[PDB]
Ligand code: SF4
Ligand SMILES: [Zn+2]
Ligand SMILES: [Zn+2]
Ligand SMILES: [Zn+2]
């Protein structure tokens, strides 16, 4: 799954699975009103599992 | 069906409604008899958008003498496109009935993510970087340098739109985002700036909330348009949450370090441009002394960043103080940055009012109030002056400057709360600074001042009376819509009784109680064994869903749920949720049972609308209760006690029930649909919490269904589905 | 309907043998009730369509099992269902290999047979060896008609299967509704614009006893634990020896039919009409039943279309279910 998401890609992505819809998600790289989404800190044992 | 709606004929679009549509006419009969806002509640059964448009077109047809433009406002971009195409269906019906001449410029409008063409801007995925490269390729000064040379960068789209495109209005065509992009491809234009230029000529414009309620975006619908405009919000539960998201500002230590790097970069830029040029700085000092920074503001299309975050009526018209020389203004921002950085150093949670922060400023770093109001105007004029290109690099300092404006403008309604540490931030310094607001009314204030009659429609009839009180709001109509049915179409049950006769609750406040989670898993197992076409299971918090699906594994439950249906658990990745949703919708198409369990706060249940067969049984786990509240909640509740008159335990129950019935209240997308919607804990039976679910769900909540067991609820689900899978044809509805 | 019907009809019954057959929603578990109504189904289908055939697949443990081959006498099928009461019903059901074998036989078969499959299907999770969507596109392109009678739930998949193989999908409330559905699938369903309208060559063998006290007879055993057959039915194409006349010629390919077999299903072609049903007293100068000469002691009087005589409820049910003709219109 991580190879399909990171290394490998998909196939059925034209009008369906539109790039613009993906662009709308994830907000922006710069600081946002609710940037706190993916935290580089806070890696536990049970939560990671 | 040819309705008389007291002035006008209305051709019901397709020709299918319940008798509640006749009741629907009476509800807005009050709404437009007297103009003055008005809050409606049609549940999700009738055409939400279709219902909100047939009767308003009937009034404007009967007496369309006081309405220039409709501004629809739906939040998600698919809804923008969906509401435009339902309006386009209704115009196609309207022109099938009449003839060919149906002048009507329908128009969507979102952003440069969704209306930009250029194949070097387009592969960027983020909004600020698209804005930065669009600020690179066109501006007020790069456009002029291209205008007197040849090889300098330009879009060829905005230049060709500048060549001819600002004299031909778009002829009567209802445009989506895709159709508008295609017309931008066709003649060769920017459909973004075409849409913004063609706001002036439209009749229905459908954009988002933050494009209307933000004071620093919505500078594009003027006063004279607004004096005869009808604005219609749609799906308007979290209007107060949109306002508090729209005027609060968060500062972080990373933001201040990148602000320091920004300050050094702009210092070097001032030095090298002092080595380069002097004459436009003379013109800067002129247009500060002479005017009020409006000299080159006439030709300002892509030279506009986010404007001043004060509202439209609290801005000034004076001259910006001691600020004028850009060297001294860099010293000014240097002082303000170092004081806010020193203020953030405090290692305990500190709440202040903004005049206390202004006095701490004006005593300990000598910055007074009016040069701290004009900091936004100054940084926008300076950053226009020094020809600098990629403004995404200058996102923190503008933030800081805009923060300055709010601290120097508003008081007694807002609150500066400093947190040295948050929740999920172990062994990591993360001191942040919420300039948080808690007046909901101060953001829709100019929306009620300018506009004629604003209306909000909710598919869930959330307890409403409270909304008017919060929003400084006095409507004409508070009309309630009732689900008229020839078939039960839904049954809500309150399974608040375990199979061991254990009281199902979430009183423990996310610190696990074992037997209650056991009875939740037993409910999900047996409801899996009964229900077909998938099951949606909303929990309380992601920590609580985390902990529950943890203790459904060590305890031997979750393999049995696997044996009946296929789980798709949620995560807070933006892409993993979309893959889990796609496999959840593929499993239903495979025919194998699926079951999506999520959190009742996040984006999983915001955009999503219940499918005819995508969610049959919306399982609301828990009562929308959190466990990571700092003091924005305590402070907004102290405010609603003090200066409004709304209790603590009243507002908490109101907020929890609007989220719970929001995530469980769009089930009847089409009148002819059967939808199980269970509430799983005992608290939904306690009178005040049940009393704030909408009327069209309390009508079908039977006292026997109130506090069912797991297995009694499973047998009610079986009898529900068997009585409601038979041929319920159109002849049973007339 | 006054429409074309599929009267030669190789129907092929696919039963679940799933885990969900053992669920007790019916009064016995679903296997037992389903199998009892299939015994009734085989009985009424061979009672009404004599030319046609049935084959029974139990689908069990992600594999498909041709339990009783495609034949045209109820003894073997009902014997196999009395056997199949005693089964186990373990594992999920695969609808791939069974529909593949039924397709494989029902692709090259004579084009005039309305080749039909009836899937009595209960569970929800189905394992697909290939792609389910491509199987339906294939089965749409492969000449066959598949109808699914469903238990406990309705998958848009059974709707696509029913409307594409050209069939009809239904879900079950009761004993009585499930009997109504199987009774709906007894009758020959109408044909599409696709099925071949051929002219099958038929054979009509007379019965032949021992000529004249076996004066120069032909003593045979049989043709499908048999005794010494003295006489019976021949097969003129090949001149073999059959005991029962309605048997597809086992060594020629001819179909052998006695005079009643075609006349047992003539009522589909010149069908009945509706009875004008009127409950009230209403002008009745004919007090007695034209059916069986009895008084009308109830408030239901039923009057035909053409002759417009008088009938009661007993004559209504009897004429419309069994006698299949109006007694007036014969006169
Ligand atoms: S000017 Fe037009 S084409 Fe160029 S980046 Fe901006 S929106 Fe895209
Ligand atoms: Zn022969
Ligand atoms: Zn007659
Ligand atoms: Zn009679």
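A short reminder: the numbers here are calculations on the coordinates, not readings from a lab. All Cβ positions, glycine included, derive from the backbone under ideal geometry; neighbour counts span all protein chains shown.
Against the empirical 2.2 N^0.38 Å scaling, what ratio does the C-alpha Rg of the stretch B:393-467 come to? All intermediate terms of the calculation are to be shown ahead of the outcome.
Numbers: Rg = 17.9 Å, N = 75, 2.2 N^0.38 = 11.3 Å.
Output field value: 1.57.
Give the angle, between 0 and 90 degrees and rounded to the nearest 10, that separates the Cα long axis of helix B:326-343 from the longest principal axis of the Cα atoms of chain B.
40 degrees
Remind me, relative contact order of chain B in percent, using alpha carbon pairs under 8 angstrom and six or more residues apart?
Working: 1178 pairs, mean separation 131.0, N = 734.
Relative contact order here is 18 percent.
Can you tell me how the stretch C:84-154 classifies by the Cα gyration tensor, rounded, prolate or oblate, using a/c under 1.5 as the rounded cut? All intermediate terms of the calculation are to be shown ahead of the outcome.
Numbers: a/c = 1.88, a/b = 1.52, b/c = 1.24.
Verdict is prolate for the stretch C:84-154.
Rg (Å, one decimal) plus Dmax (Å, integer) for the alpha carbons of the stretch B:434-517?
20.7, 59
Against the longest principal axis of chain B, how steep is helix B:576-590, in degrees 0 to 90 to the nearest 10, with axes from Cα atoms?
The angle comes out at about 30 degrees.
Cα convex hull of the stretch C:199-331: how many Å³ per residue? Before the final figure, lay out the partial values.
Details: hull volume 24.6 nm³, N = 133.
Spread over its residues, the Cα hull of the stretch C:199-331 gives 185 Å³ apiece.
Please say if the stretch B:214-317 is rounded, prolate or oblate, where rounded means a/c under 1.5 for a ≥ b ≥ c the square roots of the C-alpha gyration tensor eigenvalues, and otherwise the choice is prolate for a/b larger than b/c and oblate otherwise?
Values: a/c = 3.12, a/b = 1.46, b/c = 2.13.
Verdict is oblate for the stretch B:214-317.
Determine the relative contact order of the stretch B:16-166: mean sequence separation of Cα pairs under 8 Å and six or more apart, normalised by residue count, in whole percent. Could the numbers behind the result be given before it?
Details: 62 pairs, mean separation 16.9, N = 151.
Computed value for the stretch B:16-166: 11 percent relative contact order.
With the crude spin-label approximation of a point 7 Å out along Cα→Cβ, what separation in nm comes out for residue B:359 versus residue C:297?
Reported label-point gap for residue B:359 and residue C:297 is 10.4 nm.
Largest first and in whole Å, give the semi-axes of the stretch C:118-200's equivalent ellipsoid, each being the square root of 5 times a Cα gyration tensor eigenvalue. Walk me through the numbers before you get to the answer.
Details: eigenvalues 104, 81, 14 Å².
Three semi-axes, in Å: 23, 20, 8.
If I take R0 = 60 Å and measure r between the Cβ atoms of residue C:90 and residue B:144 in this structure, what FRET efficiency does the formula 1/(1 + (r/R0)^6) give, to the nearest 0.05?
Details: r = 80 Å, r/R0 = 1.34.
After rounding to 0.05, the efficiency reads 0.15.
Can you tell me the 0 to 90 degree angle between the C-alpha axis of helix B:127-137 and the longest principal axis of chain B, rounded to 10?
30 degrees
Residue B:297 label point, 7 Å along Cα→Cβ, cut-off 16 Å on backbone N: hits in the stretch B:207-236?
B:216-223
Using all C-alpha to C-alpha distances in the stretch B:319-437, build P(r) with 5 Å bins and read off the rounded percent in each one.
P(r) over the stretch B:319-437, rounded to whole percents: 2, 10, 20, 23, 18, 13, 9, 4, 1, 0.
With N set to the number of residues, divide the alpha-carbon radius of gyration of chain B by 2.2 N^0.38 Å and report two decimals. Please list the in-between numbers first.
Values: Rg = 28.0 Å, N = 734, 2.2 N^0.38 = 27.0 Å.
Dividing the Cα Rg of chain B by 2.2 N^0.38 Å gives 1.04.
I need the fraction of alpha carbon pairs in the stretch C:153-214 separated by more than 20 Å, rounded to a whole percent.
Working: 1093 of 1891 pairs.
The answer is 58 percent, as a whole percent.
List B:17, B:428 from most exposed to least, where exposure is judged by having the fewest other Cβ atoms within 10 Å.
Ascending Cβ contact count within 10 Å gives the list B:428, B:17.
Give me Rg over Rh for the stretch C:14-165, both radii from the alpha carbons and Rh done the Kirkwood way, two decimal places. Walk me through the numbers before you get to the answer.
Numbers: Rg = 15.0 Å, Rh = 15.9 Å.
Rg/Rh for the stretch C:14-165 comes to 0.94.
Take residue B:274 and residue C:284, extend 7 Å from each Cα along the Cα→Cβ direction, and tell me the distance between the two endpoints in nm.
11.5 nm
Please report the base-10 log of the normalised intensity I(q)/I(0) for chain C, using a Debye sum with one equal scatterer per alpha carbon and no solvent, at each q in 0.12, 0.13, 0.16 (1/Å).
So the normalised log intensities are -0.98, -1.08, -1.31.
Using Cα pairs under 8 angstrom and six or more residues apart, how large is the relative contact order of the stretch B:113-183, in percent? Spell out each step's value before the answer.
Values: 36 pairs, mean separation 21.8, N = 71.
Computed value for the stretch B:113-183: 31 percent relative contact order.
Between residue B:582 and residue B:98, take the C-beta separation as r, use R0 = 41 Å, and let me know the FRET efficiency to the nearest 0.05. Don't jump to the answer; show the numbers that get you there.
Working: r = 43 Å, r/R0 = 1.04.
In this case the efficiency is close to 0.45.
Just check the stretch B:525-607 against the gyration tensor rule for me: Cα atoms, a ≥ b ≥ c as the square roots of the eigenvalues, rounded for a/c under 1.5, and otherwise prolate or oblate depending on whether a/b exceeds b/c.
Details: a/c = 1.78, a/b = 1.09, b/c = 1.64.
Oblate shape, in that a/c is at least 1.5 and b/c is the bigger or equal ratio.
Hey, what number do you get for chain B at 222 nm if only DSSP H runs of n ≥ 4 count, each worth -39500 (n - 2.57), divided across all residues, to the nearest 500? Don't skip to the answer; put the middle values down first.
Working: 26 runs with 295 residues, N = 734.
After summing the helix terms and dividing by the residues of chain B, the value is -12500 deg cm²/dmol.
Quick check on chain A: helices-only [θ] at 222 nm, where DSSP H runs of length 4 and up contribute -39,500 (n - 2.57) each and the sum goes over total residues. Nearest 500, please. Don't jump to the answer; show the numbers that get you there.
On the way: 1 runs with 6 residues, N = 49.
About -3000 deg cm²/dmol.
Return the tail of the calculated pair distribution for the protein assembly as shown, meaning the percent of Cα-Cα pairs more than 53 Å apart.
Values: 230278 of 619941 pairs.
When all Cα pairs of the protein assembly as shown are counted, 37 percent exceed 53 Å.
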